[PDB]
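There are 2 protein chains.
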Amino acid sequence: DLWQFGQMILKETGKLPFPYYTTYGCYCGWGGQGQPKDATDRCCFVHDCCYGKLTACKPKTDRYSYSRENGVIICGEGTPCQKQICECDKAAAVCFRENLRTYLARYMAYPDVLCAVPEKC
Amino acid sequence: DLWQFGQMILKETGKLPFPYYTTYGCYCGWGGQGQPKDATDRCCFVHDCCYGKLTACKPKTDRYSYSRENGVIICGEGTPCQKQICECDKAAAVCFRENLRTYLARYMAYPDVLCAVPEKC
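Those sequence lines, one after another, are chains A and B.
Following the numbering used here, the numbering of the first sequence begins with 6 at its first residue and continues without gaps.
Following the numbering used here, the numbering of the second sequence begins with 6 at its first residue and continues without gaps.
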């Protein structure tokens, strides 16, 4: 569920989801209405697309099991939906971490008048 | 700034902004596009309206001073913008706390297809 996704984000990035990622750029911070501005912004686009493949699941409310082994998120046992939701959240949190060095604070609460139209998955 | 607003939210409600408030309802959780579903949702509407009165300020990046030693947020000294921003943030965090009694978990990640058109401040 979203709480677990937020725990992943904090653990991988060192930042709380609000405001560093929930307000970020033209996709993360504008309800997926704009073209992603950079790699961090695109992580949210991929995460939505990842959830979009789970048509028979409730990615926002289904609680899954996971642990950490050798610094890697290990999605544990559970329903097929639980494992697939976990893999979406893991991929996005690691994506945030991988792009910490191009993260721009001035993209937090970015003025959406300068955002461009968005593309599909 | 936004980091401080999030700290106020945690201190007043005992909940982190994500996901409990950033995904809530039709205004908080839908970028201000829908009409507020309940009192918690309306807190975000009033917060945006409060920021809109501060046309000479930068509510999202300006860092202000405040304390909460005795369970009440006290906005401290600073520029007029810093104090006005602080008061907007305090009022919204208190608004979340005072309406916890009617908070509905089912409004987290509410399906925006059932959100209605919103009003002006």
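The beta-carbon is built from N, C-alpha and C at its ideal position, and this holds for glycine as well.
CA-to-CA distance, residue j to residue i, given in whole angstroms
i: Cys126 (chain B); j: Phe50 (chain B); result: 8 Å
i: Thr18 (chain B); j: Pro64 (chain A); result: 25 Å
i: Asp117 (chain A); j: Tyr32 (chain A); result: 10 Å
i: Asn104 (chain A); j: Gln89 (chain A); result: 23 Å
i: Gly81 (chain B); j: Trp8 (chain B); result: 17 Å
i: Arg111 (chain B); j: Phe101 (chain B); result: 16 Å
i: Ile78 (chain A); j: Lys58 (chain B); result: 45 Å
i: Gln87 (chain A); j: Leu109 (chain B); result: 24 Å
i: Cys91 (chain A); j: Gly83 (chain B); result: 45 Å
i: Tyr115 (chain B); j: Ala97 (chain A); result: 22 Å
i: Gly76 (chain A); j: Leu15 (chain B); result: 28 Å
i: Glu74 (chain A); j: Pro85 (chain A); result: 21 Å
i: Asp43 (chain B); j: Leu119 (chain B); result: 14 Å
Nonlocal neighbours in the same chain, by C-beta distance under 8 Å from residue i, ignoring five residues either side
i: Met113 (chain A); result: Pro24, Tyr25, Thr28, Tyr29 and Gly34
i: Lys95 (chain B); result: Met13, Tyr71, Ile78 and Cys80
i: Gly37 (chain A); result: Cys49, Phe50, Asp53 and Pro123
Delimiting residues of the beta strand (DSSP E) encompassing residue i
i: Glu74 (chain A); result: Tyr71 to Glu74
Beta-bridge partners of residue i, as assigned by DSSP
i: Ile14 (chain A); result: Answer is none; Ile14 (chain A) lacks a bridge partner.
i: residue 129 (chain B); result: The first residue shown for chain B is 6 and the last is 126, placing residue 129 (chain B) beyond what the model contains.
i: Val77 (chain A); result: A:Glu74
i: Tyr29 (chain A); result: A:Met113
Span of the alpha helix (DSSP H) around residue i
i: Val51 (chain A); result: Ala44 to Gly57
i: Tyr25 (chain A); result: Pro22 to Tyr25
Cβ-based neighbour list, residue i, same chain, cut-off 7 Å, excluding 5 preceding and 5 following
i: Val99 (chain A); result: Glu17
i: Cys93 (chain A); result: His52, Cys55, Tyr56 and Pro64
i: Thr66 (chain B); result: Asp6
Classification of residue i by the beta-carbon crowding that lies within 10 angstroms, buried from 16 upward
i: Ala121 (chain B); result: exposed
i: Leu21 (chain A); result: buried
i: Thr107 (chain A); result: exposed
i: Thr45 (chain B); result: buried
i: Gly11 (chain B); result: buried
i: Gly39 (chain B); result: buried
i: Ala61 (chain A); result: exposed
Contacts around residue i, its chain only, beta-carbon distance under 6 Å, and the 5 residues preceding and following it disregarded
i: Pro41 (chain A); result: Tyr32, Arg47 and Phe50
i: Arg68 (chain B); result: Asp6
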